[PDB]
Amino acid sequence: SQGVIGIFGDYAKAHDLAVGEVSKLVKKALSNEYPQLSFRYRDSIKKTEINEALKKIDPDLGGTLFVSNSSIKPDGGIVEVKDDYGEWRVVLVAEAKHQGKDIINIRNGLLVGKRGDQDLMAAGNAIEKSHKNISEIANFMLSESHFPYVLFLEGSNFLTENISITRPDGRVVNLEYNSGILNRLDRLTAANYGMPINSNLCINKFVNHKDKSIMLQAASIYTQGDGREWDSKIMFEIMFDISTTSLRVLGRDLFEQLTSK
């Protein structure tokens, strides 16, 4: 990055800014970097917007809505930039989900499970809900060439390295990262087609098979692989990175503004 965002990142760290809060800080860092462009933060998108976006592509799409006031509310929020035609182009969506209380259970003393006897709780499947907002915003962005969706993981269910947690009574309980009674990371990798976890997959990829050539929209799935809490500074720099990439993809529709104002 550049120097100015090193200042913003320390501010995030100094305050432990939550994902929505860091998302706002990113909107602020960008409007500080591109003073001639207009940025906006939004905390929800209602299904009518999505449908109207869908119909603009093919008139058989976006045709259903049972609850009128139905909406999508990513807990990190949406950031958008206004292009050269008055349209609002999304540059960042972010989420931060949690699963697996194990490490806190065996840092102090608590045996869990059906009869208070297990060291580990067998992980559940709740984190699968994240695929909805991904297909909602992917449909919303079905006519774009980028997809700035950032999902942050935290908890014992998303480890990528073996960690050992010592009980109060000294007993060192040991978490093996590839244990399919804890690790639920594989429940997410359909969202980016098995491409690299912990990387920037913002620019859309076009594959083929027959008379095809088709676009893939891949979520950026970042995990805190060791079980610790996310560092607000890193969270910032990643979101700023995904953002700037979105801007590079949007360049053609941003020229006249940046070059005149």
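Just count from 1 along the sequence shown to find any residue number.
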query	finding
19-27 versus 241-249 - greater average Cα B-factor per the deposited record	19-27
Between the two ranges 73-81 and 167-175, the one averaging a larger CA B factor in the entry	167-175
Top Cα B factor in the deposited entry, candidates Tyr222, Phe66, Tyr193, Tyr34	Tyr34
Residue selected from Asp43, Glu52, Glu229, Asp60 by maximal Cα B factor	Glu229
For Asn198, the third of its chain into which the C-alpha B factor falls	lowest
Where the record places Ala126 (Cα B-factor, split into thirds across the chain)	lowest
Relative C-alpha B-factor of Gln99, binned into the chain's lowest, middle or highest third	middle
Among modelled residues of the same chain, the CA temperature factor third for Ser145	lowest
Modelled-residue ranking by C-alpha temperature factor, third containing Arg187	middle
